[PDB]
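Here the Cβ is made from the backbone with ideal geometry for all residues, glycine too, and neighbour counts use every protein chain on show. Every number in this text was worked out from the coordinates using simple rules, so none of it is lab data.
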Amino acid sequence: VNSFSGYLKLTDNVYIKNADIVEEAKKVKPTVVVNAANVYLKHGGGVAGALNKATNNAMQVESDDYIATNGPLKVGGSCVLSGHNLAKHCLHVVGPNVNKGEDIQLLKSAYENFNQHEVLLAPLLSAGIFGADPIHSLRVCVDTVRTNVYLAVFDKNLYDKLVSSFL
């Protein structure tokens, strides 16, 4: 039993809710919240900008030190950093950004990072300002992640479309 509430069960291990991931993280304080990161960990907008804003920019400060030490992530890769006031840990995962021309096949590699964590609160990777089809992202999630994932979808209209079209 865990503390996640109000989710629709899609499969054995994937759950979904119309929710603001920031507000959901603040209430649940999950072990892991996933950020929709870019390779530079520049948290300017989308989910990343919202998560970082909720940390009062502490996520960005920590991220800048990470990049200065380690260099950029790979598209499809990830790193574990602090969850600050939102979670124990933040798993920064880089899905391909279609608006930069990155290969969508890398979306499966991106979701594979979730399998290193037993339970996660996450957005749909490569959705929103990353330009991929969220219906496709949900399909890849279900077909790739084997650990327990709680997906937060900000847009109510999109949430209803994802549920109604789910196979």
Checklist outcome for this item: Within the stretch 62-167, DSSP-loop GluC sites (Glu not before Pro) with at most 15 other C-beta atoms within 10 Å are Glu118
Checklist entry - If you count the DSSP beta bridges with both ends in the chain, what percent of them are antiparallel, to the nearest 5? => result 30
Checklist outcome for this item: Magnitude of the Cβ-charge dipole (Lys and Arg +1, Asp and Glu -1) of the chain about the Cα centre, nearest 20 debye, reported as 220
Checklist entry - Once the dipole of the stretch 68-119 is set up with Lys and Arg at +1 and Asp and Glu at -1 on Cβ about the Cα centre, which of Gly83, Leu106, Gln116 lies farthest towards its positive end? => result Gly83
Checklist entry - Where in the chain are the DSSP H helices whose alpha-carbon span along the long axis reaches 24 Å or more and whose Kyte-Doolittle mean is at least 1.6? => result none
Checklist entry - Straight-line reach from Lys26: which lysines have Cα under 25 Å away, leaving out those fewer than 8 places along the same chain? => result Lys9, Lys17, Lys42, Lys53, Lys88, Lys156
Checklist entry - For the stretch 1-43 and the stretch 57-133, what is the separation of their C-alpha centers, rounded to whole Å? => result 13
Checklist entry - Counting trypsin sites (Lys or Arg not before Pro) as exposed when in a DSSP loop with at most 16 other beta carbons within 10 Å, what is the longest stretch of the chain free of them? => result 89-145
Checklist outcome for this item: When the charge dipole of the chain is computed with +1 on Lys and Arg Cβ and -1 on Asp and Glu Cβ about the Cα centre, the Cα farthest towards its positive end, among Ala132, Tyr15, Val142, belongs to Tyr15
Checklist entry - Expressed as a rounded percentage, what relative contact order does the chain have, with Cα pairs under 8 Å and six or more residues apart? => result 29
